[PDB]
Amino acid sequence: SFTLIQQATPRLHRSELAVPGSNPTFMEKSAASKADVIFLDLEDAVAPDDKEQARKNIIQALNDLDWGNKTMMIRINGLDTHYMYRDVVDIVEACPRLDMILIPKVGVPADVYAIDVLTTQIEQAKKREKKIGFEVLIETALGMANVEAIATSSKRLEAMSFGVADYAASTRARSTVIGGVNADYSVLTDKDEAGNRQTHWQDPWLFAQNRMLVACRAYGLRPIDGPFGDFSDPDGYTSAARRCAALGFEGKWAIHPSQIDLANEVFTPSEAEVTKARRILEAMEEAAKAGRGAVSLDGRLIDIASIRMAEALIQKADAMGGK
């Protein structure tokens, strides 16, 4: 294409740990974890009567605890709720350590614009060097119906998470569990020569995951898979993780500490894909040494979109090496 997209800021994002702001002990324990990204939650996991205190707890946690080089985020309240403006104002004013805001229930691009206006103004007032990035949750049918447009809604936007349980609720999917599969979401084969019919299970989230993936990959964002509720089923977690990784997802939520190592292992890039990326970068250097505008590797032209992907993958591999 003649149309070129710039990749978002290239962070390592294999594991995304959710931590309720209402639990300072859990926040403290999380600061020493192996998660790549942590969000401190003001939204779904925090009861209304606890939201004001959780906000205070999070300010203290972001300012006092040692988070290392983790990408630190908050999940703000919904735009449809009165809590949100104080989440953004109080925390962004008080907490230089904050890296990102996770905006829930995003439905249309203007939702993201709204948060960009507010965030920008606070950063202007505080004379901030760091600029906050955004992650959006696609966790409703409305957001899914507008996902491609949402993907281009802010220069801050870096990533989208698939909120599977809230998406199920929004679509009225038959789901009593967070994530997972369903014996009813299956095909019954036509009778074979023996008179037999098999039941082959299908993926209830295939459509959602692929559509969000395409939006992310078209427009330079990280595609992240959401929560998996069955803490007693690491095999099921790992299957779900490997399935979305196979599509191109870059990471997955952890909502129980056991899930952190599982996500980290699955979403580590292969040695081979890192090596290919490194060879692309050396082929770029070669083209510059030769005075040649076109980059070639193993007899193939490597185009600018492909160079940009290679640069992003290397930044991620390099982060792993220094963790």
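One rule holds for the numbers: they count along the sequence shown, beginning at 1.
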Point to revise | Higher-scoring stretch by recorded Cα B factor average, 297-305 or 21-29 | key: 21-29
Revision key, fill the gap. Per the PDB entry, mean CA B-factor is higher for 128-136 or 218-226, namely for 128-136
Review point. Based on the entry's values, in what third of the chain does the Cα temperature factor of residue 111 lie: lowest, middle or highest?
Key: lowest
Check your understanding: Comparing residue 195 with the other modelled residues of its chain, is its CA B-factor in the lowest, middle or highest third?
Key -> highest
Point to revise | Chain third (lowest, middle, highest) by recorded CA B-factor, residue given as residue 189 | key: middle
Review point. Comparing residue 253 with the other modelled residues of its chain, is its CA B-factor in the lowest, middle or highest third?
Key: middle
Check your understanding: What third of its chain's C-alpha B-factors does residue 201 belong to: lowest, middle or highest?
Key -> lowest
